[PDB]
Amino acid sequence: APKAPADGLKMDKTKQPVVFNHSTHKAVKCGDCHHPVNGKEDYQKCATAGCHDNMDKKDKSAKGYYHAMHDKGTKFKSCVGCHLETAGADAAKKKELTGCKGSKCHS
């Protein structure tokens, strides 16, 4: 099975780039993020053609890149979706982990 890459990975499909560190997400199963497609876990970049390649941040289809990173009620938990649950009622953690600005995701 594929190995986790180094920390400091930059997601930069957009003008609001975010750094992702695998080391802080070890408690999450690889396949929770690199989820099954056609029955097999897919480790291709999220925005690969035919995947989440729609850079229209309003799109909520299975192709919406912004959607897969931010929204709730999705088949696999998104960045913000999981972080919301992690922060719970903790407003400082809400700011750190789900804030739209001044957070660990967006400066």
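Heads up: residue numbers just count along the shown sequence, starting at 1.
Chemist: For the C-alpha atoms alone, is the average B factor greater in 63-71 or in 38-46, going by the entry?
Modeler: Averaging CA B-factors over each stretch, the winner is 38-46.
Chemist: Going by the B-factors listed in the PDB entry, is the mean over the C-alpha atoms higher for 98-106 or for 2-10?
Modeler: Higher of the two, by average CA B-factor, is 2-10.
Chemist: Pick out which of 27, 80, 51, 33 has the highest C-alpha B-factor in the PDB entry.
Modeler: If I rank 27, 80, 51, 33 by C-alpha B-factor, first place goes to 27.
Chemist: Among the chain's modelled residues, which third holds the C-alpha B-factor of residue 21?
Modeler: According to the entry, residue 21 has a C-alpha B-factor in the chain's lowest third.
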